[PDB]
Structure formats: structure tokens, C-alpha cells
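*Asks:* no sequence on hand, only this structure:
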């Protein structure tokens, strides 16, 4: 009935800038990520992932990224 995957808006934070291809590469490499896409806004990328099987810390380890877009919602 409900959606198989959930969408989460991430904020790109890093000392040195980099292309979306690299962002997609690291996120793609880690498990629990279905799709990564960058959108026209202030350094923001929308991603589709499964919270139940993916952890925030793993994403952070690959990329420092705040990973917290404005107006986001958290179950816990």
C-alpha cells in the first residue's frame, strides 16, 4: 500500500567541492541507496533510500555532508 522507498533531501557539505558524479558514486557504492540526483537549489541533492536498512552515519563516513535539508522530517 505504502511506498517501497522513502525520499530524503540531503545538504552537500565538504571542505573541497566535487561533482554530482562522485556524490552518486559514493552513495551508489554504499548499500541501502536506490537513486541520487542533484537539483537546482543552494547546494542540495535529493536521494531515494530505505531508512530501515541504511544508516545516516555510513553516508556521513563517505562524505562529511550535513545530510540535513531544510524542512525535513524524522520518524524518531
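*Replies:* Structure received. Numbering: from 1, shown residues only.
*Asks:* alpha carbons only for contacts and neighbour counts from here, please
*Replies:* Will do.
*Asks:* what residues does stretch 7-17 touch?
*Replies:* By Cα atoms under 8 Å, 6 or more residues apart in numbering, the surrounding residues in contact with stretch 7-17 are 43-49, 63-69, 72.
*Asks:* show me where this protein has its strands.
*Replies:* Counting by DSSP state E, the chain has strands at residues 6-11, 33-39, 44-49.
*Asks:* show me what the lengthiest helix in the chain is packed against.
*Replies:* If you go by DSSP state H, the chain has its longest helix at helix 20-29. Secondary-structure packing of helix 20-29 (3 or more Cα pairs under 8 Å, 6 or more residues apart in numbering; DSSP states H and E): strand 33-39, helix 56-62.
*Asks:* flag every buried residue along it.
*Replies:* The neighbour-count check on helix 20-29 (16 or more other Cα atoms under 10 Å) flags 23-24, 27 as buried.
*Asks:* same question for stretch 24-44.
*Replies:* For stretch 24-44, by 16+ other Cα under 10 Å, it's 24, 27, 32-33, 36, 38, 44.
*Asks:* quick check: end-to-end length of it?
*Replies:* End-to-end distance of stretch 24-44 (Cα to Cα, to the nearest Å): 13 Å.
*Asks:* hang on, the earlier thing: can you redo the strands of the chain as JSON lines with distance to residue 59?
*Replies:* Converted to JSON lines, these look like this (distance: least, Cα to Cα, whole Å):
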{"stretch": "strand 6-11", "distance to residue 59": "10"}
{"stretch": "strand 33-39", "distance to residue 59": "10"}
{"stretch": "strand 44-49", "distance to residue 59": "11"}
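*Asks:* so which of the ones you listed is nearest residue 19?
*Replies:* When those are compared by Cα to Cα, strand 33-39 sits nearest residue 19, at 9.7 Å.
*Asks:* what's the spacing between residue 43 and residue 71?
*Replies:* Taking Cα to Cα as the measure, residue 43 falls 15 Å from residue 71.
*Asks:* do residue 23 as well
*Replies:* Taken as Cα to Cα, the span from residue 23 to residue 71 is 22 Å.
*Asks:* next one: residue 15
*Replies:* Distance from residue 15 to residue 71, by Cα to Cα: 24 Å.
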